[PDB]
Amino acid sequence: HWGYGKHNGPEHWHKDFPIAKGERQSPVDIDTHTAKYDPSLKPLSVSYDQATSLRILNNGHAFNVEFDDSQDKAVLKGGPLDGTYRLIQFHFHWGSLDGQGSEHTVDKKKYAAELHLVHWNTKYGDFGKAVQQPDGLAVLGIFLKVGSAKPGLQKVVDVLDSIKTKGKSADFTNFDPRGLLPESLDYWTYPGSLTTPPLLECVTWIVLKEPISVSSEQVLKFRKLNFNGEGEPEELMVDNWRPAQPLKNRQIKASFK
Ligand SMILES: Cc1cccc([N+](=O)[O-])c1
Ligand SMILES: [Zn+2]
């Protein structure tokens, strides 16, 4: 099945998921010189004070930190969005080396990693219904650069030994995702897709301009994870990023001058 090797990576996905060659695929390169400032965009409203993390899972593609999304406890609103979007999970994409790992790029620059906070539109009732709608999801994307440690990331890093291989989970309560945000909420936005199969064109992307800093040590721990299951040949979970896709007939809008 699909993955990030030579034989099963991004360049193969279209055979099982033809929407891979669609009109609104993600990620994309963000050309900062052609993204136009849109004064009509609102500030983003990130309301995570009541968030309830539950569990962390290695799904064989990344690790997901999952939240209780049975009520409006951690929500994203404002920005480019109409309505209310509930946080379901976050996860990262990262590289084998610090010079690659992000999915979005900025003037062709690749960051060491990218965080995706995934939210679904409450008007559709559940996640599975939301991903069938063009405005079903809002994903907040945050770039990671290597420098100073991110203190708020360390709780995640330190549990990763317990979910080394595909299908392992661990309890992961009381984690505050506010500790993963940069200072500024300035953003770019465009309409796109999930970046993994099934590649559904259901996402309003909100990509923050300001990266967070993580330490080399932190990212090194991500790279100790495995794609494989327990007692299978070890294949390090690295380079779990889809490259930039054609922008096609889209505009990327900036919230800031
Ligand atoms: C399959 C799946 C599920 C949730 C989120 C994403 N995504 O952001 O690519 C993909
Ligand atoms: Zn992602």
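Everything discussed here concerns the structure shown above.
Rules behind the numbers
- Residues numbered from 1 in each chain as written, not as in the entry; some residues may be left out.
- Chains lettered and ligands numbered in written order.
- Heavy atoms only, no water.
- Near = heavy atom within 4 Å.
- Polar contact = N/O pair within 3.5 Å; in protein donor to acceptor, adjacent residues only side chain to side chain.
- Areas by Shrake-Rupley, 256 points an atom, 1.4 Å probe, with all protein chains shown as cover.
- 1 Å grid on protein atoms, 1.4 Å probe; cavity = no way out; pocket = protein on both sides within 12 Å on 5 of 7 lines; lining within 4 Å.
- Sits in = over half its atoms within 2 Å of the grid points.
- Nonpolar A, V, L, I, M, F, W, Y, C, P; charged D, E, K, R; others polar.
- Donors = N, O, S within 2.8 Å, 3.2 Å for Na, K, Ca; no water.
- Helix = DSSP H or I, 4+ residues; strand = E, 2+ residues; numbered from the N terminus.
- Buried < 20%, exposed > 50% of the residue type's maximum accessible area, 1.4 Å probe, protein only.
- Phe/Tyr/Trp six-rings, centres within 6.5 Å; stacked < 30°, edge-to-face > 60°.
- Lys NZ or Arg CZ within 6 Å of the ring centre and 35° of its normal.
- Core = buried A, V, L, I, M, F, W, Y, C linked by side-chain atoms within 4.5 Å.
- Contact = heavy atoms within 4.5 Å.
- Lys, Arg positive; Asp, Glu negative; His and termini not counted.
- Salt bridge = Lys/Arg side-chain N within 4 Å of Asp/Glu carboxyl O.

A.B. asks: Just to check I follow, could you spell out the site of ligand 1 for this structure?
C.D. replies: Taken together, the residues surrounding ligand 1 are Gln89, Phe127, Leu194, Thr195, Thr196 and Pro197. Between ligand 1 and the protein, one listed contact pairs an oxygen atom with a backbone N or O atom of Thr195 at 3.0 Å. When isolated, ligand 1 has an accessible area of 290 Å², and the protein chains bury 81% of it. The site holding ligand 1 turns out to be the largest pocket. Split into classes, the residues belonging to the shell around ligand 1 amount to three nonpolar, three polar and no charged.

A.B. asks: What is the right way to look at the coordination of the zinc ion (ligand 2) in this model?
C.D. replies: Geometry sets the ideal angles at a metal, namely 109.5 degrees for four tetrahedral donors and 90 or 180 degrees for six octahedral donors. All of the protein donors around the zinc ion (ligand 2) are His91 (NE2), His93 (NE2) and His116 (ND1); their distances to the metal are 2.0 Å. Taken in chain order, the donor set of the zinc ion (ligand 2) reads H-x1-H-x22-H. Of this pair, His93 sits in strand β7 (residues 85–94) while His116 is found in strand β9 (residues 113–121), placing the two residues 23 residues apart along the sequence. Of the two residues examined, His93 and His116, each falls in the buried class.

A.B. asks: What is the right way to read the packing of aromatic side chains from this model?
C.D. replies: Aromatic rings in a pair are described by how distant their centres are and how their planes are angled relative to each other. In total, this model carries 15 aromatic pairs according to the counting rule given. An angle of 50° between the planes, with centres 5.7 Å apart, marks the rings of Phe90 and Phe175 as tilted. Remark: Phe175 occurs in the loop between β11 (169–171) and β12 (187–192) and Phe90 occurs in strand β7; sequence separation between them is 85 residues. Across the pair, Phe175 and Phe90 agree in class, each one buried. Counting every residue linked through ring pairs, the aromatic cluster contains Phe63, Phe67, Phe90, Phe92, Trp94, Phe172, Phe175 and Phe222. Sitting over the face of the ring of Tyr111, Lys109 holds its NZ or CZ atom 4.8 Å from the ring centroid. For the cation-ring pair, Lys209 lies above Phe256, with the distance from its terminal atom to the ring centre recorded as 5.2 Å.

A.B. asks: For this particular structure, what's the right way to read the environment of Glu23?
C.D. replies: When you line up the elements, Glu23 lands in the segment before β1 (29–30). The class of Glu23 is exposed, set by a relative accessible area of 54%. The spacing of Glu23 and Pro246 is 223 residues in sequence and 8.2 Å in space, taken between C-alpha atoms.

A.B. asks: I would appreciate a short explanation of the nonpolar core in the present structure.
C.D. replies: Note on soluble globular proteins: their nonpolar side chains tend to be buried together. Judged by nonpolar contacts, the single largest core of 50 residues is most densely connected at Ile56, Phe63, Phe90, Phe92, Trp94 and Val156. Of all the secondary-structure elements, those providing two or more residues to this core are β5 (63–67), β7, β9, β10 (137–146), α2 (154–159), β13 (203–208), β14 (212–214) and α3 (216–222). The element that contributes the greatest number of residues to this core is β7, accounting for five residues. When neighbours within four sequence positions are excluded, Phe63 is seen to be in contact with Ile56, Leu57, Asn58, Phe90, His91, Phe92, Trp94, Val156, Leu160, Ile163, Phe222 and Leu225. Ranked by size, the runner-up nonpolar core spans 23 residues in total, among them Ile30, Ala35, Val203 and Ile252.

A.B. asks: Looking at this structure, I do not really get the side chain of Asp239. What am I missing?
C.D. replies: Here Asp239 is to be found in the loop between α3 and β15 (253–254). For the buried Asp239, no salt bridge is present, and the opposite-charge side chain at shortest range is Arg223, 7.3 Å distant. Of the polar contacts made by the side chain of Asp239, one reaches the side chain of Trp241; its length is 3.0 Å. Not counting the four nearest positions on each side in its chain, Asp239 is found in contact with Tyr4, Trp94, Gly95, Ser96 and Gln100.

By themselves these figures say nothing about function.
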